[PDB]
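Fold and contact review
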Amino acid sequence: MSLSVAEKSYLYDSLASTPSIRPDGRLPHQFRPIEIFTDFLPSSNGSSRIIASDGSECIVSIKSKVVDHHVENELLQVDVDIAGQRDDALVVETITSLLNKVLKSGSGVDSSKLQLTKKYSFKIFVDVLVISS
Amino acid sequence: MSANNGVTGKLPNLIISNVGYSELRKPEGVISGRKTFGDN
Amino acid sequence: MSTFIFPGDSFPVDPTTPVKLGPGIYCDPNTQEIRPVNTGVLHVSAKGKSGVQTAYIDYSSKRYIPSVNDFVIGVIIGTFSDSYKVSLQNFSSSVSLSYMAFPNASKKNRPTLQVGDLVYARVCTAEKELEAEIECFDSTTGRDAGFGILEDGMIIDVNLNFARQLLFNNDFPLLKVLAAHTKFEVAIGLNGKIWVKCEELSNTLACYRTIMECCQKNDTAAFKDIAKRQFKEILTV
Amino acid sequence: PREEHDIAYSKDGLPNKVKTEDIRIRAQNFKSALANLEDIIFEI
Amino acid sequence: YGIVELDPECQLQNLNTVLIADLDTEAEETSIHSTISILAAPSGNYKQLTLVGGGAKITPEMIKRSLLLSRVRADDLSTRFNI
Amino acid sequence: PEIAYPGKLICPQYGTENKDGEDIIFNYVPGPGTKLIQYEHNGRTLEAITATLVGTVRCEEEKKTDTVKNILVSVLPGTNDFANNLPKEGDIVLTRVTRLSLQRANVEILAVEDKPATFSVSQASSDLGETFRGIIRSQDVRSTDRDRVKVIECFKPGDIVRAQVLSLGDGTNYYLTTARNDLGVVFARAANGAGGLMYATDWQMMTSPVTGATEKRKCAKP
Amino acid sequence: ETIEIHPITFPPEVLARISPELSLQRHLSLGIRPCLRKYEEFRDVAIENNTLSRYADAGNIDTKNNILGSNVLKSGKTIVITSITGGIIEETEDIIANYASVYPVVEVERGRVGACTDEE
Amino acid sequence: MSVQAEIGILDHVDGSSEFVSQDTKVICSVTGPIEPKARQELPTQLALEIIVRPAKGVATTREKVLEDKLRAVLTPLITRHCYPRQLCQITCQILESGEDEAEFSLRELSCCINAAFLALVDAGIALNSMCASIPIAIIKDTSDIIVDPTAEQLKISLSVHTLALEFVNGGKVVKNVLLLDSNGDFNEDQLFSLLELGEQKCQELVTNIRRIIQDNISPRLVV
Amino acid sequence: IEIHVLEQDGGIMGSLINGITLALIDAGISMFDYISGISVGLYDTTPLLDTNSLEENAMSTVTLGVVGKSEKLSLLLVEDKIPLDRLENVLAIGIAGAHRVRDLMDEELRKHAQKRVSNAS
Amino acid sequence: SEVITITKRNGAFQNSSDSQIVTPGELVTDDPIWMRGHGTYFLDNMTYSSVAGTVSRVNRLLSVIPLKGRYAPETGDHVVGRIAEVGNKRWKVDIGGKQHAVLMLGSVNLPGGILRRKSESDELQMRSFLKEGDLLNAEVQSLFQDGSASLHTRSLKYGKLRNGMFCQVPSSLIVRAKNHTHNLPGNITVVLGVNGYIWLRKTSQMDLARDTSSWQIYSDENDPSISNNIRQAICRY
Amino acid sequence: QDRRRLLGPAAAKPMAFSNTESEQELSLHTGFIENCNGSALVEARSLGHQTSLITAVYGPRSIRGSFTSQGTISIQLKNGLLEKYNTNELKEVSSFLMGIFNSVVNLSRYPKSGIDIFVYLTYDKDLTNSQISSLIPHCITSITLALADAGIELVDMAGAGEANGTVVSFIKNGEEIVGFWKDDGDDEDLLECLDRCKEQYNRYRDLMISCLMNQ
Amino acid sequence: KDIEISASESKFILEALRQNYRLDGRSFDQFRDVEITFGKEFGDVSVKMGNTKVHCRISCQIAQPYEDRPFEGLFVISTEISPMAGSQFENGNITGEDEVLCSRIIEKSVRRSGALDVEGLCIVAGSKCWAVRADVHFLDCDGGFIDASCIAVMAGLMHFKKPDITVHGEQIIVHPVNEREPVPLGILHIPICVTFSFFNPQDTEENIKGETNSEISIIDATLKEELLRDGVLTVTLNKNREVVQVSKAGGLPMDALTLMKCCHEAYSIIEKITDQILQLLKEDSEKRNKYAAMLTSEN
């Protein structure tokens, strides 16, 4: 966005109130209303569809694959697409590289539940398409 | 032309430089470029 | 058997002569020497011309180099205000033409031409290094409205030396045999452009196909039957 | 951050390292004859 | 290597055709147009030579001079770091 | 306060002397190399003049004529820098001509002078297209006969002009002028490098010695 | 008319940025180089070899390194570092067909972002 | 001298030439002066951009240097001040190898210069002089020197050489050297001998050429 | 015009065009007409309206970009190998499909179009 | 007493006065007497709609009003512009419509008024009075040949905004009336643009002047005295 | 493959091998690159791990885009010789880099002017028999020294200290934090994670100012 | 890089079609005459149709096959435009649209169609196969490139021969060229493409709701002809009367009944030209063998 300077003071004024004030005036800990849909891409292992209040829009797909869990280290892969942008851009790649760290295989991920055999397991694909933000 | 002044009237070598090919034909631009061809 | 030349030959004429430079020769800005820098045949201007002679090389080209007092044919490509965008040859640099350089010169009166028109105009002012300029109406017209916008017609591209012979030369046999069939118009552009309009498109195609073929064959003596045959090729019907 | 050096060879061709002090005096020679001799140019 | 030719105008008191080697310094790399680059192994050997002559002429002797300057600058470096 | 690293906290906003029994207040005024930074320490706030750069402290003053005392704080380098001396409005900048339009003239910024000569050339490489470029519009060449302007009769590509900043303009280029009898063309070679060196015949004209050839340039007053 | 046309002269650092060529011609007048050298004064050359190969320490060659024989080069105002790796393909007097070479990749960090420059 | 050439054999292009020496067929094309791009202009001189297509494969690094040395040679041939803020794209096509592209690039470098020289004559641009290039090799085993070798002789060649010269005064005076591409093993002593035939031969080449140009173009010229 | 291919079922080309014809009307951009698209396949002699990707890899298929109610074409694309003699008949197939396409687009927009003003007003 | 609305619906992509409603490609009629305007194209009789919209028959004029589209600019309208760009002596500024409006250099209220007359140094200060993204009151003057129109501020009442907050809506729901500035209890003021752009701010004295200094027309300042009881009352509206 | 480079014949493969509180330390150097206007050299060596990297400055470069009020920073992380960190792994750090200097640089001193930052992860030993997270704070130090060398208006010698997979960047002699980075570690070890970072920051900034003020 | 033509010239040709004339001298549905000439190398040919000139080259070498089809050899066609052939073009734009419009055709015309047996490139399965290469060069454009490159590639395949092979595990014996002969290649079918060129003399609506079909279609647009055309269509067929590809990718709207009526006329055209290739391949190889008769009797 490109906003105007006279707002930017007032916006920085009102939110830095000591009885702090949002522009929509929520309580300081609130979030905004959303919508959450899933289970709608029946070719997939799982699907997802989420709706923001400003009309920001994404869908994340789940496809799986069986793999040898010894020849491969990363058992869980995230891959992200933002509409309107190049692959090469910054905000793409950082958010992309982030959720890999967020879903490291034994950090908050319980890869034993992913484990198929003593030799095999499940490669998963967190595949992300953001319409708009 | 009357409209302007009628109010006033009633009251180490010898180098000569480059030239275009326009000057290399001798009548020097009286050659009408736009010719229709008349009746025959 | 002609005073044929190469860039890098010995220049023939003595240095102590008052000589108007023609094209094709270049004087050194660094060492003041003067040399032929193009290919072809010199033609020495003969003596008696006020004691001042002139050299010029016949060189062959198709890519037209904009130079002054030269009649060319142009295409309206943009309405940069006060001053037209006009082109003379595809892939070349565009030319600038005043909106006021026109035979009824009137600055409150803005003329009427639109993007994509064909106009007849003469190069007025053009440095080698600057955005070149043309004029339809000129001071060297001497208040002559002889250039101008064209109507529909048809335009054909040739090489430049041919187009000189269309302008500079009466021995050029082309205009004879063409007048010997039908009556029509002709505009000559030193940018290798030849604009023709006839009474008929039928004869214009007959006008078209000859000029493509003749300038290709480039054999002016042969152009008698070659021209007349295309009429029969139109009069095939 | 090795300071650079320059070398030379004599007619033998044996390596002759450049004195650092010379080129400063060269530069002060270079600054000198520049700004002073370029003041007035008396010409035809 | 670089060979240049000289203006009479450009002098400041404290033809003429000078050989320079060990070329650097953008102003040099702009303005030198006849140039020489040589490969050589120290016993008089030559892997390659590279002439782009775009400024001056080239004498037969600036050749030999650069050749004389070739076998020095190489052979020192062969012996400089003794690897 | 003599020598400074960036971040060297120097002095407060205000200071006090007693010059002979009557009380005199200092006003430390932030300049280049400075920034007032508030500092709470153990409860109480404190603004301070901060060294933001590398080199030397310099405290000065001057009052405008055309018991408190203003003191300008000024921070310098000291024993090659041009981001120090970025062009501001009104400056005199030596430039090289890039391209000649019928509209206008385009140059690139190379060297900025200074006030009471002292310069600052840019240390940039133009062959990247790196440097800041500016635009001289053709009616802004001079004010005398500012309408019927013939642009080719004052400039050619690659030439050196003592020109004055008009303003910032866009981010892409600059608004620039030469419209004085002391400003304009500094130096060029003949036929744009194709010949020797050329000298301003008048303030209003330019020739070349060895050639015997002249050209029209809007030369500077020498 | 014989005229003492006074020129305008500058600091030398002004001049080279303006004229690469004439500032050179100033140095040629004294017969020097704008790198402050005389005609044949040549730059020093300084190396260190084998520092970045894993085979630096003959005593304890480390584990995860993959570099065969390394070279540092500084001469003048340009530092260049040469690195050697190797690969293996399954293979199945003085004439050229006896003779092979390596596969190098140069990068010049000349400030410009973007693709592979044509100088490289 | 089994060389032969064609002038003016393309249509929509300013300068065109087919150069055919003994085994290699190469055509060059010249378009200029035309509208330059933004990133390409020079305020003073003429900007040049050169494309060489190989016969085989695509444009890679092996092509790139043969381009770039050919950039160096043309730059003094062109009266570059005559066309400020302009562009002439010149393009060369390798059609026939006549030499092992995996092992050599020698003849093509001789060929393309000899190709592009003539399409400029078709183009009729302000130039400076006359030129020629030949390939020269020295045999490994025989230790002799052949002007214009063949590729099998290249296999037994010890050192491969390309000489480009600048020819004036009826193309007779060596005005300057343009390119000397010394490759392979060589000494001092061979080199002045290595010039000394190509001192003659390139002039002997141009001696043929001076005729050929006028023969092709004086009927294209008018009387 | 932004495309997001989510689930793919074969017939992929004419699938797109029918989505396009919505989207231009979805803002109400100025236009002439409906434009319909459909892949129709050929098992040996027999036309197949509305093939799938299983059938697509099984036989020869043709997609038709059909304009409005007409018999004029926007898109015509054939990858597979086709005997000539069927093709006039093959082309004669898809029009009735294509006319039923822009059929079903229309009312489906219209019942939406009624839903506006009846509850707008 | 919550943070977020999280309500769930899984297993689905989605949850799933009479007048003529016509489609593109559709015939209206072929009575030749009708006139053919917007939303209409034709072939000599065949009246053909081009959008999803309604038949409007005006007395002999038939035209199609769509239902969906961007804001249509019309003259004399009171809207809000966000500053897109700066031109030669021009500015670009979003309407929300198809294109930007334009805004002449002297089209604006000068500080000090008309006693400040023209100056060429003013184009050296375009960025002084205006810069990007800023919001203001603008008065729709007139158009171009396409349908792109321009603006101005011919009052004190028009000018650059402050003292509040922006919001935006679809252009449809804003109803037309003879008035557009409105003052609401809570000491505050809505500035309803027509185009769908909505600015709130605190009621000024000039606002109070409507119903009973001048050098601050490019300021980024507000009234410093802004209570939260102002500020929280903003959010409720 | 790639028609722009020399990558050998395709069927080759590189060579393969198999198995058959501590001190950190610096060596900081400036003024050694003549292309730039700001250069900085960093040696690092710590206990199994030796690291060297180069930070390069180009500024102020012109912006062909449009007007801005102030300056703009551009940061590149590039692999050197041996260690190959992942591509998306790089730019995340580049994102984390820019946030801190946007509380450092007087961009308001530099309208319509660009900042180019080239960081060359040149060579690293890890002889130890979140691998990028161990190299974060040294970058900021390496940038700051080069940015002092171009002499650009910087508020503070800001630095980051490390405590075991955790990176915290300071100002004001540690009295405020400007950049926070955390990986796995413990839980609520933050208070000790204040300390060991702070004292390295207290070490490092003194090492930095020695590198310049003594020159 | 933009071609500029007057709208006056635009109406001119559009009038000529309205009186059934075209500037070249052909009929509407008449094709240019084709000059095919081979170089000395195998897979070397120069192909020329009046003004348009092309040149292509076939080669082959040893590589391994993919994992994808581990049975079969490798083959691909390069069609990199050089701005030599006209100043419109970028230096090797593989991302221009018209390039792709040249590309995907020849991709489908050869590769997905399979005129060439790729399985007959299998020297040894999975170990060593052939990598066959087709570099297309343009020389000078008057259009018909995608028809010219259709021909000149398929011309080149019927003139290339590959050398002799002997297998022993890894001991893969490529023989000398001149002792053991080079061996030509296996062509399943010969495809020939046809450009069709389309001209509305009217507005849009008389094409759209003007029921009267009134649209002129010609063969082999010349350069000036090509710059004003309204739709673009290419079909490809064989001798066995099967249709290889069709591509009308948009442009002008167009009746179906025209297209069949168009494509039948393609058939009689392409067949005669096809056999003209077939004799010249023989006749040159006859001239090769008669000069081989003029060689062994000579030697």
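Residues numbered from 1 in each chain as written, not as in the entry; some residues may be left out. Chains lettered and ligands numbered in written order. Part of a larger assembly, values for the part shown. Heavy atoms only, no water. Residues with missing side-chain atoms left out of burial classes, pairs and counts.

The PDB entry lists chain L under the name Exosome complex component RRP45, from Saccharomyces cerevisiae. For this entry, the PDB record gives the title as "Cryo-EM structure of 90S small subunit preribosomes in transition states (State D)". Turning to chain L, the UniProt record has this under Sequence similarities: "Belongs to the RNase PH family." (UniProt positions renumbered as here; feature names shortened; annotations may be inferred.)

The name that the PDB entry assigns to chain H is Exosome complex component RRP46, with the source organism given as Saccharomyces cerevisiae.

1. Considering the overall build of chain L
Secondary structure assignment for chain L yields 6 helices and 14 strands. Along the longest, intermediate and shortest principal axes, the C-alpha atoms of chain L span 70 × 50 × 40 Å. Considering only contacts within chain L whose residues lie at least 6 apart along the sequence, 69% involve residues at least 24 apart. (Helix = DSSP H or I, 4+ residues; strand = E, 2+ residues; numbered from the N terminus. Contact = heavy atoms within 4.5 Å.)

2. Concerning the overall build of chain H
A tally of regular secondary structure across chain H gives 4 helices and 9 strands. Reading chain H from its N terminus to its C terminus gives the helix and strand order β-β-β-β-α-β-α-β-β-α-β-β-α. Taken against the 2.2 N^0.38 rule, which gives 17 Å for 223 residues, the C-alpha radius of gyration of chain H at 17 Å falls within 12% of a compact globule. (Rg over C-alpha atoms; globule rule 2.2 N^0.38 Å.)

3. Digging into the packing of aromatic side chains
As enumerated under the stated definition, the model contains 17 aromatic pairs over all chains in all. Ring centres of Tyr41(J) and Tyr48(J) lie 5.5 Å apart, and the angle between their planes is 55°; this geometry places the pair in the tilted category. For the pair shown, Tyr41(J) and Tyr48(J) are each scored as buried. Each member of the aromatic cluster is reached from another via a ring pair, and the members are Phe32(I), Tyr41(J) and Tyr48(J). The ring of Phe42(J) carries the charged tip of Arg36(J) above its face, separated from the ring centre by 3.9 Å. Lying across the ring of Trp34(J), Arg60(J) places its NZ or CZ 4.0 Å from the centre. (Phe/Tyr/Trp six-rings, centres within 6.5 Å; stacked < 30°, edge-to-face > 60°. Buried < 20%, exposed > 50% of the residue type's maximum accessible area, 1.4 Å probe, protein only. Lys NZ or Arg CZ within 6 Å of the ring centre and 35° of its normal.)

4. Concerning the pattern of salt bridges
Within this structure, the stated rule accounts for 67 salt bridges over all chains. Across the pair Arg26(D) and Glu41(G) runs a salt bridge whose closest N-O atoms are separated by 2.5 Å. Here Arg26(D) is found in helix α1 (residues 20-37), whereas its partner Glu41(G) is found in the loop between α2 (20-30) and β2 (42-43) on a different chain. As a salt-bridge pair, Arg109(K) and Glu153(K) come within 2.4 Å of each other at their nearest N and O atoms. Overall, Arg109(K) belongs to the partly exposed group, its relative accessible area being 29%. For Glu153(K), a relative accessible area of 5% gives the class buried. (Salt bridge = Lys/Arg side-chain N within 4 Å of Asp/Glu carboxyl O.)

5. Examining the side chain of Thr61(I)
In this fold, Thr61(I) is placed in strand β3 (residues 60-67). By relative accessible area, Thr61(I) is classed as buried at 16%.

6. A word on the interface of chain J and chain A
At the interface, 32 residues of chain J touch 28 residues of chain A. Put simply, the parts of the chain that give the side of chain J that touches chain A at least two residues each are β1 (8-10), β13 (164-168) and α3 (228-236) of chain J. If one sorts the elements of the side of chain J that touches chain A by residue count, α3(J) sits on top with 5 residues. Each residue belonging to the side of chain J that touches chain A can be placed in one class, and the counts come to 12 nonpolar, 10 polar and 10 charged. Sheet topology places strand β1 (residues 35-38) of chain A next to β1(J); 3 bridges connect them, and they run parallel. Paired with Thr38(A) across the two strands is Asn10(J), which belongs to β1(J). (Nonpolar A, V, L, I, M, F, W, Y, C, P; charged D, E, K, R; others polar. Pairing = 2+ DSSP bridges.)

7. Description of the sheet that holds strand β2 (residues 19-21) of chain C
On the basis of which strands lie adjacent, the open sheet formed by 3 strands has the order β1(B)-β2(C)-β6(C) and parallel pairing. The open sheet terminates on both sides in strands that have one partner only, identified here as β1 (15-16) of chain B together with β6 (53-55) of chain C.

8. A look at the pairing of strand β3 (residues 38-46) of chain K
Residue and element names in this part refer to chain K. In the sheet, strand β2 (residues 26-30) pairs with β3 via 5 bridges, with the strands oriented antiparallel. Pairing of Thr-30 across the sheet is with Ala-40, part of β3. Where β3 lies against strand β4 (residues 49-62), 9 bridges are found, and the strand directions are antiparallel. The partner of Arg-45 across the bridge, within β4, is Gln-50. Here β3 folds back onto β4, and the loop between the two strands holds 2 residues, one of which, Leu-47, carries a positive phi near 70°.

9. A look at the state of the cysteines
Here a disulfide denotes one covalent bond, and it connects the sulfur atoms of two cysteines. For the coordinates displayed, the defined rule picks out 0 disulfides over all chains. In this structure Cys202(H) is a free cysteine whose sulfur lies 7.7 Å from that of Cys131(H), the closest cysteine sulfur available. Distance from the sulfur of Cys235(J), which forms no disulfide, to the nearest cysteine sulfur (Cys167(J)) is 11 Å. (Disulfide = S-S within 2.5 Å.)

10. Description of the arrangement of the chains
Of all 27 pairs of chains in contact, the one with the most contacts involves chains A and J. When C-alpha atoms are compared, chain C and chain E, though not in contact, are closest at a spacing of 10 Å. In this assembly chain B lies apart from chain L, the nearest approach of their C-alpha atoms being 18 Å.

11. Description of the sheet that holds strand β5 (residues 72-79) of chain K
All names here are of chain K. An order of β2-β3-β4-β6-β5 is seen for the 5 strands of this open sheet, with the pairing classed as mixed. Pairing within the sheet leaves two strands with one partner each, and these edge strands are β2 and β5. Ignoring which end each strand starts from, the neighbouring axes of this sheet average 15° apart. Note: β4 against strand β6 (residues 113-126), 11 bridges, orientation antiparallel. Bridging across to β6, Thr-51 finds its partner in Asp-124. Helix α2 (residues 136-149) rests against β2, β3, β4 and β6 of the sheet, and its axis sits at about 150° to β3. (Axes fitted to C-alpha atoms, helices over the stretch in contact; angles between N-to-C directions.)

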